[PDB]
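A closer look at the structure
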Amino acid sequence: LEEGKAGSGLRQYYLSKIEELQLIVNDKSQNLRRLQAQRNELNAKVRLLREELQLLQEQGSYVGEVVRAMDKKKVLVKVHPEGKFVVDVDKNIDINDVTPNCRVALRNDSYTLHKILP
Amino acid sequence: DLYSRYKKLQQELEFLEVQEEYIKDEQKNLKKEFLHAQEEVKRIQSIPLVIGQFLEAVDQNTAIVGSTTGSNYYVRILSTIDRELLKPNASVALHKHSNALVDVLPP
Amino acid sequence: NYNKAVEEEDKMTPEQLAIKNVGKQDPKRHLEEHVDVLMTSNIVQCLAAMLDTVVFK
Amino acid sequence: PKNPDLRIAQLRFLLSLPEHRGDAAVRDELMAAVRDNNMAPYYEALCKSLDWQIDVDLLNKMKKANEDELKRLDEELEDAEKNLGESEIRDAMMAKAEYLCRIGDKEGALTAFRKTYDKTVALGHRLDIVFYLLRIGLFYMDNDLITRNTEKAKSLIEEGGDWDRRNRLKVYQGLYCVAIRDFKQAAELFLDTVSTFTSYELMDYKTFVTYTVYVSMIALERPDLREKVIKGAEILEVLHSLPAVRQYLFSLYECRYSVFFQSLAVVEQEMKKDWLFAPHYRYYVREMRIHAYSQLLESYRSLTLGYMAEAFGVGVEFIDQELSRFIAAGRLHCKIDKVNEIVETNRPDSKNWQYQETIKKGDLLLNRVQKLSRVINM
Amino acid sequence: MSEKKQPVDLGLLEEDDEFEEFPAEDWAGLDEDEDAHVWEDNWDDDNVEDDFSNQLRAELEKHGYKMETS
Amino acid sequence: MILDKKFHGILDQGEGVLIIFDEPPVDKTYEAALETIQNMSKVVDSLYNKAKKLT
Amino acid sequence: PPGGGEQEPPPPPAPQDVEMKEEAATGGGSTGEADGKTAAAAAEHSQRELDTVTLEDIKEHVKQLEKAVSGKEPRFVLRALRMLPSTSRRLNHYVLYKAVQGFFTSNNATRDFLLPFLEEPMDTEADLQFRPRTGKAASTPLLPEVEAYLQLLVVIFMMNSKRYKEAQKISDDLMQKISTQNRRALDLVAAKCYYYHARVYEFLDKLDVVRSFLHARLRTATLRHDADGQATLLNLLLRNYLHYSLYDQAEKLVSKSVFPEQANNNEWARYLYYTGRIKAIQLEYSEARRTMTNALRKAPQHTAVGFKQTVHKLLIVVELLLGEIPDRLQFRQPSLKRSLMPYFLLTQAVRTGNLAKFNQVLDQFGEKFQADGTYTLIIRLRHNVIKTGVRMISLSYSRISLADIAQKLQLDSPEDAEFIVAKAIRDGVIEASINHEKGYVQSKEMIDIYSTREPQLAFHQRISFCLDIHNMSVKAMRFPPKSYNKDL
C-alpha cells in the first residue's frame, strides 16, 4: 500500500504546512482586522464628534441653578438675568434627585437638565 | 473525508486568500477617510472667535465657562485638548459659533 | 527642534514606564506627530527625484 | 588619618623607588617615628627601611603606650557607656577610632568607625566619619571602599554647602580625580579654590595649587584657560609664589617651545617621585606634546621643517618620528608628506566630517537596533 | 547550545591551573595602578609605554642634550 | 588671533599663503548629533525594560 | 558521625521540590498548554525548554547522591498510564507512589536499572494518545541526568542511551515527520542529543556513522522547513569539519544554500563563528573582520565572557594581519584577559615589527598558542611582520631612503627596498607613484578621504544600504506588532 499513509500522507503533511501558511494568513488577517477595527472606531469617534457639532451649533449650553423644586414636575430654575425659566427637564432624569439650592447643567434652549454640579 | 480534506480545505485557502486584498482596500481607504474627517474637523476650528474665561471643571472633558458677558455657559470641551488647559483661572477662548475651545491665551 | 524637544520629554518616560505601567494619564501621544514630522521630512526625498528628472531632461 | 603622619607617611613612595632621596625621607620618618604612634607603619614598610639594631629599641616603648592609651580609651569608653548620651559615646568611639588610625590599623578602625557610623546623630557627623575614612583611604589608596561612603553620603545631604566640610569633600573630589585620569570633569573641582585653604588634614593650599596646575595646564585649552584662570585672579595671586609656574603658563600660552622644553625637564623630574601623581607621568608628557603640536598645527596649514626646528629647538630627526607616530598613534590630523620635506596637512575636518562624525553613532545605533532585532521573538 | 562552552571552560580551568594566583597577584601589581583608570586610556598609555619600555622612556631629559648636538 | 578665532584665516611658512573661508551651516550636525545621543538613552533604556522583562 | 549524620537528611530535601515542580510545570505546562491545539500554538515552550536547559547546565546536582539518594532514578513520569480514560485513580496514584518512598526508606541503587527503560515505551509511554510529545518529554530530559558524568564507563551506558533514543524515536521516527510543535522541538532535541554524545563520539571514534546519516535526516525534512533545526544539525557537521576536513568543493559554498531564517538568538553567533573559522584560513580581511566581530558582539544573554574568548582570540589573530590591531579596549572581564596574557607581548610586538628579536620572542615563550596547532597564521605572521611594518611606512612619509628607512626596515639594499615596497604596490591597498627621476622612488601617498572628492557616488551606496537596513528594521517593527495583535 504505502501511499495514502506515506506519499499522500506526506502530501497531507504538506497540507498541514499549508494550514500553517493559512495560520500565517489567518493571524495576519486577525491583527490587520484589529487595526482596521481601531481605525474604524477612531474615525467613527471623530464622526461622533461631528455628531457633537450640532451641539457646537447650540452655542454651548447654559448653567441652571434650581432654588426651588415644584411639585407639578415643572421645576422653577433660577437662570442668568431675564431668566427664571420654569420647565420640565428631560425625561431620563428624575426630578426628586435634583436637589434645590444647587447648581446644575441646563441646555440653553430646550431647558433640560444634564447633571448636578458642585 | 481524509483525501477530501485536501480539496475541501483548498476552498478555505481561497476564502482566506480573498481577505488579503480586501483588508488592503480597507486599510488604504479608511486612513484616507481618517484624514478626511481629521481635516474636516480641523477646518471647523477657525480663528475668528469669542474669548471667554474659565471658572471650573466639574467633570472630565466637560466643564463650565464664564462668558465675557458674565453669563456662565456649560460646554463639553474638545477631546484633543489635554488637561493642562483645565486650569481654573485661565484665559480660555471658545468659538464664536461652535463655542468650543481651540486654545487658551497666555496672560 | 520639536523632535529633540519631545526627546527631552521621552527621556523622562522610561522611569515612569519603569515604575507604574498600569493606566495611562497623559493625553499626549508623542508618536503620530513625529510620524507627521517624518512625512513632511520626506518631501526632501520625493523632490530629490524630481530634481533628478529636471536635471535629466 | 588627618595627622601630619599622613603626609610623612606619604613620603614612603619617594622613599621607596630611588635610593637617592631615601636619606631625608628616612630622616623625617625616623624622627617622626615618635609621633602619632608611628610603630606599625614603619614596622610594615621596615623591609623598605634600615636594619633591626636601633629599630628594636623604640618598638618596645611604643607598643606599651599603644595599649596604655588604648585601654584608657577603653575604660573611658566604658565610663561613657551605661550613661545617657550620644556624642559622648560618639566621640569616645571616634577618638578611639582615630587612635586606631594613629596605629594605622583599619581592622578595629573599620568596626570602630562602623559603630560610631551607626551612632551618627546627623548626616553631617556621618560625613565627618566618611572623611575620616577618606583621609586614611588616601594613604591606603583603596578605590571602591572610599567611593562607597561618598556615594552613600553623597545623596540626601540637604544641609547646604558648608564652609570647609563641603569644600573638603570637593577637595577630595580633586583627590580621586588626581587618582583617576578623568580630567574634563576634574576641571570643575578646583573651581572652589577661592574657598580652599591650608588643609593639614589632607593637603596644603599651595600644594593644591601645585596639583591643580597640571590638570589645568594640560587638560584645558586656550578658551578654557583664558576663560577660567587667565581671567581668574586666584592664579594671579599665587603665581608670585613660584616663578616657574608663570613660565609654564605664559610661555606655553605664548607657544615658545625652545624655552618650554628647556624648562619642561623640571616638569618631568617633578612629575615623577610623587604619591598620587606618579603612574600617569607617561600620559601627561605625551598628551601635552600632542596638545602642543595641535596648538601650533591648528593655525598652520603648511609648515617648513626649518621654522619648525627653530620653533622647537630640536633636530629634524626627532620631529620626523614624532608626527609619524602622531598620524596613527597620536591621531592628530590627515596625512603629512615629505616629497618637499615640508609639513603639509589638509584637515577637511569641518564641512563633510562635521556630518560624518555621526556615522559612528549611526553604525552603533544600527548594531543596537540589530540587538533590538535580537529581542524579537526570544 | 552553550554546552560546548564546557570543554572550552575545561581549557580555561587548565589555564587557571597553569599558574595559581601568580598572575592575578603579579598582574595585580599593575592592576593596582591600573584599577578604576579607564582602560581605553591604558591601551594608549600601554601602547606608548610598552613602545618606550624598551628604550627612550622619559627622554625629555635627553632633548636638552639633543639641543647642542642636533 | 586665528587660534582665538577672531576671524577666518590660516597661514603658511613654506608658501606664505593666506586662505579665508567659513562654515555657515552649523545648526544641522548639532541637532542631528544631539538627536542621536538623546535617542541612545531611549534605545538603551528600552533594552533595560526588555532585558528586565525577558531575562 | 554526628556532623554529617545530623546534616545528611537536611540539605538534600531541596532540589527535589524544584526538579519535581519543574518537570510538573514544564511537563503539565507543555501538555496542558498545547494539548487541545498543538498545531495552532507553536514554539511557546521553545524558549521555555531551552531556558530550562541553560538553567540546568550549571546544576551542582549530584555531588553526594551516589550514596543512598538514588531513589529518584527508578522513579519517572508515571502519568495516566495503562488506560487513556478513567485516570482519576491514577490521580490518586500520583500521590501514592510519591508517598510510598516517604514512609520509612526505599531499596535504591544507581547502575542496575538502566536497560529496561523501554518497559513503558513498548506499550504506552504516557497515555497511548500523545505518545510523541510525552515520549520525548519523558525520555529526553532524563537522559543527560543519568548519562551525566560521561566518564567512568558511562560511555557504554551512553551507547545504550543512544540506541534507546534512536530505537524509540530517531531511527526514522514513529511517524516519519511528526509535523507539529514536537517535530519542531525534535529537530533541536535530536540535535542536542547528537551534541551530547558527540563527546562520546570524538572521545574515541570520529566521523563515521550518525553524522553520515545526518545528511539523510538533514534532507528528510522535505525542504519545506524554516530550517532552524536543520541549521543546528548543520552546525555539528561544520564543527565536525573544523578539526580536519580542509576540502572546499562541498561544504564551502556548496553547503551554502538558500540561507534560511536561522535565528535562535544564538545560532547566528556560533554558526557565524564556525563559518568564520573556516573562512579564516584564506585570510579574509573585509568580510570575516566585520561579521566575525559582529558574531563576537552577539549572544549577550547568558555570558558575553566565557566563550567569546575564542571568536575574540581568532578575531585579533586575523586583525593583526592587516597592520591595525585593536586590543581588548571596551570589554572588561578577567577571562579574555588571561586569554591574551600570553598573547600581549607578541600582539604589541606586531606594530614595531622587529624581525630578529620578535622571531625569538614568539617561539621563546611559545607554549599554548604554538601548541594550538601547526603554526599556520603565525608562520604567515613571521613574514607578515615586514609587510605590516611597511604598511606603517605607508602611514608614514613618501620617499624611500637607502640608509634611513631601509636600515629602519632592517633591509639594506637598493633592490629589495623598491622590490618589496613594490610588493606592497601590487596589493592595491595603498596609493603610490612609482617614479624614477634620479633613482629615488616617489609616492603621492594621497590618503585624502572622499570629503569633496566624489561624495554623491561615495555615500550613495551608504545611503541605499543604510536605508535598506533601517527600513527592514522598520519592517521589523511592523511585523512583530502584528505578532502582538494576532491573539487579540
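Residues numbered from 1 in each chain as written, not as in the entry; some residues may be left out. Chains lettered and ligands numbered in written order. Part of a larger assembly, values for the part shown. Heavy atoms only, no water.

Method of determination, as annotated in the archive: cryo-EM, at 4.5 Å resolution.

Right, let's talk about the overall build of chain B for a bit. Secondary structure summary: chain B contains one helix and five strands in total. Its helices and strands in sequence order give chain B the pattern α-β-β-β-β-β, from N to C terminus. Taking the principal axes of the C-alpha coordinates as reference, chain B spans close to 80 × 25 × 20 Å. Considering only contacts within chain B whose residues lie at least 6 apart along the sequence, 42% involve residues at least 24 apart. Summing over all exposed atoms, chain B offers an accessible surface of approximately 7300 Å²; the carbon and sulfur share of this is 55%. One way to put it: in chain B the 13 positive side-chain charges average out to a point 2 Å from where the 16 negative ones average out. (Helix = DSSP H or I, 4+ residues; strand = E, 2+ residues; numbered from the N terminus. Contact = heavy atoms within 4.5 Å. Areas by Shrake-Rupley, 256 points an atom, 1.4 Å probe, with all protein chains shown as cover. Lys, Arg positive; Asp, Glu negative; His and termini not counted. Charge placed at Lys NZ, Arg CZ, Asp CG, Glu CD.)

With that settled, consider the UniProt feature "domain: PCI" in chain G. Taking the numbering used here, the UniProt-annotated feature "domain: PCI" corresponds to residues 269-448 of chain G. Between the end C-alpha atoms of residues 269-448 of chain G the distance is 36 Å, and the span holds 50% helix and 0% strand. (UniProt positions renumbered as here; feature names shortened; annotations may be inferred.)

Here the focus is the interface of chain A and chain G. The partner chain G presents 16 residues to the 13 residues of chain A that form the contact. Carbon and sulfur atoms make up 51% of the surface buried where chain A meets chain G, a total of about 1100 Å² over both sides. Of all residues in chain A, the largest losses of buried area upon contact with chain G belong to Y13, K17 and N31 of chain A, amounting jointly to 42% of the total for that side. At the boundary of chain A and chain G, one finds two salt bridges. Between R184 of chain G and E20 of chain A there is a salt bridge whose closest N-O contact spans 3.1 Å. Where chain A packs against chain G, one counts five residue pairs in polar contact. For the side of chain A that touches chain G, the class distribution of residues is five nonpolar, three polar and five charged. (Buried area = accessible area lost by both parts, 1.4 Å probe. Salt bridge = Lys/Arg side-chain N within 4 Å of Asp/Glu carboxyl O. Polar contact = N/O pair within 3.5 Å; in protein donor to acceptor, adjacent residues only side chain to side chain. Nonpolar A, V, L, I, M, F, W, Y, C, P; charged D, E, K, R; others polar.)

With that out of the way, let us pick up the environment of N38 of chain D. All names here are of chain D. Among the structural elements, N38 can be located in the loop between α3 (24-31) and α4 (39-44). Separated by 66 residues in the primary sequence, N38 and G104 place their C-alpha atoms 7.9 Å from one another. What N38 contacts, discounting residues up to four positions off in sequence, is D5, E29, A32, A33 and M62. Side-chain polar atoms of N38 contact the side chain of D5, separated by 3.4 Å. A polar contact of 3.4 Å, which involves the side chain of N38, links it to the side chain of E29.

So, about the interface of chain A and chain B. On the chain B side, the residues contacting the 34 residues of chain A number 36 residues. Across the interface of chain A and chain B, roughly 3200 Å² is buried in total on both sides, 64% from carbon and sulfur atoms. Among the residues chain A hides against chain B, the three largest losses belong to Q36, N43 and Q59 of chain A. Together they make up 16% of the total. The interface formed by chain A and chain B contains zero salt bridges. At the surface where chain A touches chain B, the tally comes to seven residue pairs in polar contact. Where the side of chain A that touches chain B is concerned, the elements lending two or more residues are α1 (7-56), β1 (61-62) and β6 (113-117) of chain A. Here the side of chain A that touches chain B is composed, by residue class, of 14 nonpolar, 13 polar and seven charged.

Another point: a nonpolar patch on the surface. A cluster of nonpolar residues, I43, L47 and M50 of chain C, forms a patch on the protein surface that exposes about 280 Å² of accessible area. Considering the arrangement of structural elements, one finds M50 of chain C in helix α4 (residues 43-56). (Patch = residues over 30% accessible without salt bridge, like charges linked within 9 Å, V, L, I, M, F, W, Y side chains within 5 Å.)

Residues and elements named next belong to chain G. Taking 1.5 Å of rise per residue, 16 residues should cover 22 Å, and helix α6 (residues 131-146) covers 22 Å from first to last C-alpha, within 8% of that figure. Among the residues of α6, those classed as buried are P132, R133, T134, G135, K136, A138, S139, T140 and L143. Buried positions along α6 lie against α2 (15-34), α7 (154-170) and α8 (181-196). (Expected span 1.5 Å × (residues − 1). Buried < 20%, exposed > 50% of the residue type's maximum accessible area, 1.4 Å probe, protein only.)

No other pair among the eight pairs of chains in contact exceeds the contact count of chains A and B. Here chain A and chain E are not in contact; the least distance found between their C-alpha atoms is 27 Å. The two partners chain C and chain E share no contact, and the minimum distance between any of their C-alpha atoms is 27 Å.

Another point: unusual backbone geometry. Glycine aside, the phi torsion of most residues is negative, and most peptide linkages are trans. Residues and elements named next belong to chain G. Of note in the backbone geometry, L152 takes a positive phi value of approximately 60° without being a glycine. Its place among the elements puts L152 in the loop between α6 and α7. According to the relative accessible area criterion, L152 is exposed, its value standing at 67%. You will see that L283, though not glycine, has its phi angle at about 65°, which is positive. Looking at the element boundaries, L283 is found in the loop between α13 (267-278) and α14 (287-297). Accessibility expressed as a relative area gives 19% for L283, which makes it buried.

On to the side chain of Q442 of chain G, then. Residues and elements named next belong to chain G. Structurally, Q442 is set in the loop between α22 (414-425) and α23 (455-458). Exposure remark for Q442: the relative accessible area of 15% places this residue in the buried category. Discounting chain neighbours no more than four positions away, the residues touching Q442 are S398, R399, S433, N435 and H436.

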